[PDB]
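Trainee: Let's see this in three dimensions:
(chains A, B, C, D, E and F, ligands or ions: 3)
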Amino acid sequence: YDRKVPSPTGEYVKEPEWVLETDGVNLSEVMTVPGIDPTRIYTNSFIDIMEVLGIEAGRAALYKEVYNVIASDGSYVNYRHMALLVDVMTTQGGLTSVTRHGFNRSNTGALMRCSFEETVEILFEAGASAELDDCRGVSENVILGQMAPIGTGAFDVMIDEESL
Amino acid sequence: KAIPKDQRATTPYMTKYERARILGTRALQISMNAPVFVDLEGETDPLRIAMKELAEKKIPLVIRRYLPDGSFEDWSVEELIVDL
Amino acid sequence: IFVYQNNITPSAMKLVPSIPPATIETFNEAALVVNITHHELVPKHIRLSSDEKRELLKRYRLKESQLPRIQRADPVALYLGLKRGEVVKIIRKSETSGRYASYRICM
Amino acid sequence: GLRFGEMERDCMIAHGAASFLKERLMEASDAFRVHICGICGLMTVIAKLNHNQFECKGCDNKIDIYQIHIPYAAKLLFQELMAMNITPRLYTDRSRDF
Amino acid sequence: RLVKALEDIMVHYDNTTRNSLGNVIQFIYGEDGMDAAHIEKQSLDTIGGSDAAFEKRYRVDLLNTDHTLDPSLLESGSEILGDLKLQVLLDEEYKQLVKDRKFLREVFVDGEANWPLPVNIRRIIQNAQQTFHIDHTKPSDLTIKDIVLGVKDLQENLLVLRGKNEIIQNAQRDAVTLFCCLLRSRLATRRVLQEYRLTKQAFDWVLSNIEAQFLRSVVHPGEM
Amino acid sequence: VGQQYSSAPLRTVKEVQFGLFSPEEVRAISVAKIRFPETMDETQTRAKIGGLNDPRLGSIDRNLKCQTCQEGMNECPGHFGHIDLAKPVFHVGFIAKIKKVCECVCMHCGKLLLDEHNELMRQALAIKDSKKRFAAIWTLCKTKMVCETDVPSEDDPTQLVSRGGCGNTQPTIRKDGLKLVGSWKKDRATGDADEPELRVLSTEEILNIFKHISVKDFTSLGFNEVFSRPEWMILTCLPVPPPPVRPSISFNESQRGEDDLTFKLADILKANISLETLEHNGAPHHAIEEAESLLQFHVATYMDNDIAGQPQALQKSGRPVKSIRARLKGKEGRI
Ligand SMILES: [Zn+2]
Ligand SMILES: [Zn+2]
Ligand SMILES: [Zn+2]
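Mentor: Numbers count the residues shown, from 1 in each chain, chains lettered A, B, ... in the order given. Ligands and ions are numbered 1, 2, ... in the order given. Below is the structure:
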């Protein structure tokens, strides 16, 4: 691989380096092999990176992976969008998938779109655990005949007894 | 839980969402024959008049911005700087 | 800190929590042959004093549950010896702003 | 097509157009007016509007009371939950007793 | 599935990014508080090329017949030669430019210089030069204190956060760090006089525009 | 709406706190008590009876009278009823929960079968998901089958540590329709302690065991000390929905007419009373039981039609039925 590096005079120059690509993964053990740069070892298995390097490193990797999937088609997406996705998948200390984990929830309200012809059960448990509905969703507020606390509705308007 | 007129750390600038809602609220009123506060140099379309009231800072409205924790700040449409 | 070679006896392992408050930590030699904190993808974690923690929680006005989290067993928490409740300030480089600091509380 | 489904709604949310979402998603059901205790979020308030008397026994309430407009279909759904021993506390304050 | 996972995340009035529960996802949206529709790819010059080039470009040595501002680029050009007090200001500006270069070379270990940032400075300057029909023949009436102290003051105005406490003020300095590196390299004294040739009038116009555009680039609370 | 005035400050719902209705509250807010399972005609003299459809609940006949709240069938938000149950009963919707709680707590004193002394239990206890934590604790507890008295400390297994004293054996609880059955035994295949014992767990036992579970214990479970105590999953005081929920089809004048829910309520009420008329008159054990499970069958079906049968005996020989959960199947499915 070619590598952009600062030359002694200051300008970046290409400095080719031999790199090893493998079929299979064992990060903890290879990372420890003498003769390599443990500082730069990598793997597309962001799950192992997390378990060996921690969640912050896990996050960074997950972004590198998502980002490659979008650069592979030459497409471009502003950093913040992928970043937000990567932070949500990481907030609770572990890698929480997005392709539907829970049969009930992700972040909703025991009122939003009645899922499963037995919404009844979704409500039965909400009652048994004293679930507290924040009422920030759109459907919950539709059921309540109100506008959701989002965008144009993320604040209230009031008359002003100032105007002369 | 209210915050004093001093100590507000929120933006001095009006957000595009506030502008959209104020103009819409005010327009609704003008659409229902409510008293207007400016000179209609020919205008007849409510929203268009509302926009005129905004430019001349003659909309007696206040925006209550809530913070995630519950507290809030109050900014008068008059105060808010309009640059979008 | 108890560094061992291949492993410890599940029996002896339960001998660890037994002298409060003094805590005891264990490390398998192998997991220390390389310092993970020296790795590229690992940003600087900095343990905050409970004083800095109150200031943190105060200015942003958050409950403790509203902060991002970091596992008690996270390789970096283990490294720093984090204890449940402690907060770390993470300072990372950013392609957007120069530096950006985030925070995670140990679970 | 010609429908206004989940994807269409996500677009309006992204635009932040809240009232449009409210206008378009609200059903026919009449905007019913109910009274609610401020202590228990229940519709157990006795309203004598001519006498200006509001009471929520079991709580000893006459001052801490509010009023709200919600589609009648809601009122029913809620009373139906009460029928099944479940309590749908309606509260006017987001900041809990925390 | 993606929509479903993020639907509730919004930007609040504190510039924080949170979900319905109120949990913090980003302590500041995009780590810079900016709205993506207001960001453009710009070249962070400080980071590229040889050091000789870096120095030829930014170095101003009032105490050296050769590395000073020729009296033709500046009105007060001749009486600036050998000015000790001013040279102290110019060394602060250069040490900062050298730090910036180090800093940038750590963030973009690659060497990449073009990164999306708000406020297109080059365009603002091309405007000034056209608006005030700036003639590239006569010397500018800008003072060294005009530029150095001017650019320094502006930075204290690019606001993303306003909180009066210590934490927020640091958050504020962080969020504006990358942009300020672009700023300082675009408004370095030699650049302003040698390359742009701004007059005191065009220059004062450039500074206020950058502040206006910047503030116009901050993300609005309520953004889904 | 409703062109009238109310000095009550207009507002919007910001939060909805879900929870369970305790027997005390169901009474505290109720208006009537409801006894007579019939309605209208007191020796012919039509109107309403202090049993159903009137004692205080919403009214009909265009009569403004309605607990002084006046107004009418268009402004009056139906008032809720009261109706005591001779015996406690499981709420259809929580039988699954009720069973799992019984497999977590000791069936003799209400002490969680695993303390903070066990290491795998600490991990579970730390979880913040009232749903996941419950699941983790349950999978850990259903193992234990003897409310331990002494456990190995965080030190020498040589030394023991004491906890709630109640050595009694636990039962393996299996579900059969609307009843929970328990099997006991002094270990598996050990000498002089073979073969099992099968006794049906009575609602009353479950009810008191839950009432003996500590705040900490039921809270480590998903339960809330104020809004949802375990004990409340068990019905004692059933709420009677007012007329707006359960209507009455009256064709102008001189014709019967009352909704299916009112009907079902009647049978619950009837069965409830035939149960009491077996104590005031004394009676055999297996007799009071059939009566109990009869009530249980109606209180259960009143809310959910998905069990052993389909009770559709209400003025109809063709045999049709409806329930509350079902009512939502057209109000949860129509919304
Ligand atoms: Zn009350
Ligand atoms: Zn009434
Ligand atoms: Zn026991």
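Trainee: so what's the residue nearest in space to the middle of chain E up against?
Mentor: For chain E, residue E:183 is the residue whose C-alpha lies nearest the centre (CA atoms, centre = their mean; 1.5 Å). Applying CB atoms under 8 Å, 6 or more residues apart in numbering or on different chains, we find residue E:183 in contact with E:121, E:151, E:154-155, E:158, E:210. Using the backbone N, CA and C atoms, a C-beta is placed for each residue, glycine as well.
Trainee: Please apply the same query to residue E:78.
Mentor: Residues near residue E:78 by CB under 8 Å, 6+ apart: residue E:71.
Trainee: ditto for the one 4 residues further on
Mentor: By CB under 8 Å, 6+ apart, the contact set of residue E:82 is E:62-63.
Trainee: With the one 5 residues further on instead?
Mentor: Residues in contact with residue E:87, defined by CB under 8 Å, 6+ apart, are E:61-63.
Trainee: could you flag which of the residues you listed are buried?
Mentor: Using 16 or more other CB atoms under 10 Å in any protein chain shown as the burial test, the contacts of residue E:87 include residue E:62 as buried.
Trainee: Could you export the contacts of residue E:87 as a markdown table, including distance to residue D:9 and secondary structure?
Mentor: Shown next, in a markdown table, are the contacts of residue E:87 (distance: CB to CB, whole Å; DSSP: H, G, I helix; E, B strand; the rest coil):
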| residue | distance to residue D:9 | secondary structure |
| --- | --- | --- |
| E:61 | 63 | coil |
| E:62 | 64 | coil |
| E:63 | 67 | coil |
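Trainee: Format the contacts of residue E:87 as TSV; extra columns: distance to residue E:43.
Mentor: Listed next are the contacts of residue E:87 as TSV, based on distance: CB to CB, whole Å:
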residue	distance to residue E:43
E:61	26
E:62	28
E:63	31
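Trainee: which residues of chain D fall in strands?
Mentor: Secondary structure of chain D (DSSP state E): strands located at D:31-37, D:46-48, D:53-55, D:65-71, D:89-91.
Trainee: Packed most tightly, which of those strands would that be?
Mentor: Comparing these by mean neighbour count (mean count of other CB atoms under 10 Å in any protein chain shown), strand D:89-91 ranks first with a mean of 23.
Trainee: by contact count, what packs against it?
Mentor: Helices and strands touching strand D:89-91, as assessed by 3 or more CB pairs under 8 Å, 6 or more residues apart in numbering or on different chains; DSSP states H and E, comprise strand F:15-17.
Trainee: Provide the strand pairings for the strand it packs on, with the direction of each partner.
Mentor: Strand pairing for strand F:15-17, determined by DSSP bridges: strand A:132-133 (antiparallel), strand D:89-91 (antiparallel).
Trainee: Distance check, the residue lying farthest from the centre of chain B against residue E:12.
Mentor: In chain B, the residue that sits farthest from the middle, by CA atoms, centre = their mean, is residue B:69; the gap is 23.8 Å. Per CB to CB, to the nearest Å, residue B:69 is found 10 Å from residue E:12.
Trainee: Can you tell me the SS state at the most centrally placed residue in chain C?
Mentor: By CA atoms, centre = their mean, chain C has its centre lying nearest to residue C:77, at 2.0 Å. Put simply, residue C:77 is helix when judged by DSSP: H, G, I helix; E, B strand; the rest coil.
Trainee: Contact partners for it?
Mentor: Residue C:77 is in contact with A:54, C:45, C:70-71, C:88, C:106, counting by CB under 8 Å, 6+ apart.
Trainee: For ligand 3, give me its nearest residue in chain E.
Mentor: Per CB to the ion, residue E:21 is where chain E lies closest to ligand 3, at 37.1 Å.
Trainee: Count the residues that sit near that residue.
Mentor: By the criterion of other CB atoms under 10 Å in any protein chain shown, residue E:21 has 15 neighbours.
Trainee: Throw the contacts of residue C:77 into JSON lines and include neighbour count, thanks.
Mentor: Compiled in JSON lines, the contacts of residue C:77 are given as follows (neighbours: other CB atoms under 10 Å in any protein chain shown):
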{"residue": "A:54", "neighbour count": "28"}
{"residue": "C:45", "neighbour count": "22"}
{"residue": "C:70", "neighbour count": "28"}
{"residue": "C:71", "neighbour count": "19"}
{"residue": "C:88", "neighbour count": "23"}
{"residue": "C:106", "neighbour count": "20"}
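Trainee: Make CSV out of the residues you listed and add distance to residue A:1.
Mentor: Shown next, in CSV, are the contacts of residue C:77 (distance: CB to CB, whole Å):
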residue, distance to residue A:1
A:54, 26
C:45, 30
C:70, 33
C:71, 34
C:88, 34
C:106, 38
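Trainee: how near is the nearest residue to residue F:168 once chain neighbours are set aside to residue A:42?
Mentor: Spatial nearest neighbour of residue F:168, excluding adjacent residues (CB to CB, 6 or more residues apart in numbering or on different chains): residue F:108 at 4.5 Å. According to CB to CB, residue F:108 stands 58 Å off from residue A:42.
Trainee: was I right about the residue farthest from the centre of chain B contacting residue D:95?
Mentor: Yes - here residue B:69 reaches residue D:95: they are 7.4 Å apart, a contact under CB atoms under 8 Å.
Trainee: between these two, what contacts are shared?
Mentor: With CB under 8 Å, 6+ apart, residue B:69 and residue D:95 have no common neighbours.
Trainee: ok, the residue nearest to residue F:168 - how many residues close by?
Mentor: Counted with other CB under 10 Å, residue F:108 comes out at 16.
Trainee: Tell me who's in contact with residue D:22.
Mentor: A:141-142, A:146-148, A:153.
Trainee: now those as JSON lines including secondary structure?
Mentor: Below are the contacts of residue D:22 laid out as JSON lines (three-state DSSP):
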{"residue": "A:141", "secondary structure": "helix"}
{"residue": "A:142", "secondary structure": "helix"}
{"residue": "A:146", "secondary structure": "coil"}
{"residue": "A:147", "secondary structure": "coil"}
{"residue": "A:148", "secondary structure": "coil"}
{"residue": "A:153", "secondary structure": "helix"}
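Trainee: Tell me which two of the residues you listed sit farthest apart.
Mentor: A:142 and A:153 (12.1 Å; CB to CB).
Trainee: Identify the residues contacting the residue of chain D found nearest chain C.
Mentor: As assessed by CB to the nearest CB, chain C sits closest to residue D:98 within chain D, at 7.8 Å. By CB under 8 Å, 6+ apart, residue D:98 lies in contact with residue C:63.
Trainee: Repeat the analysis, applying 10 Å as the threshold.
Mentor: Counting by CB atoms under 10 Å, 6 or more residues apart in numbering or on different chains, residue D:98 touches B:69-70, C:63.
Trainee: Please apply the same query to residue A:54.
Mentor: A:60, A:93, C:36-37, C:39, C:41-43, C:45, C:70-71, C:74-79, C:104.
Trainee: Narrow the contacts of residue D:98 to those in strands?
Mentor: Counting by DSSP E, no part of the contacts of residue D:98 is found in strands.
Trainee: Could you check how many residues crowd around whichever residue of chain B sits closest to ligand 2?
Mentor: Nearest to ligand 2, among the residues of chain B, is residue B:32, at 33.6 Å (CB to the ion). A count of nearby residues for residue B:32, using other CB under 10 Å, gives 8.
Trainee: Wait, it touches residue B:46, no?
Mentor: Yes - judged on CB atoms under 10 Å, residue B:32 makes contact with residue B:46 at a distance of 9.0 Å.
Trainee: looking at the contacts of residue D:22, which has the most residues close by?
Mentor: Taking other CB under 10 Å as the neighbour criterion, residue A:141 ranks highest of the contacts of residue D:22 with 26 neighbours.
Trainee: for that residue, what are its contacts?
Mentor: Residues in contact with residue A:141 (CB under 10 Å, 6+ apart) are A:109, A:111-112, A:135, A:147-150, A:153, D:18, D:21-22, D:25-26, F:12-13.
Trainee: List just the nearest of those residues to residue A:161.
Mentor: The shortest gap between residue A:161 and any of those belongs to residue F:12, at 22.2 Å (CB to CB).
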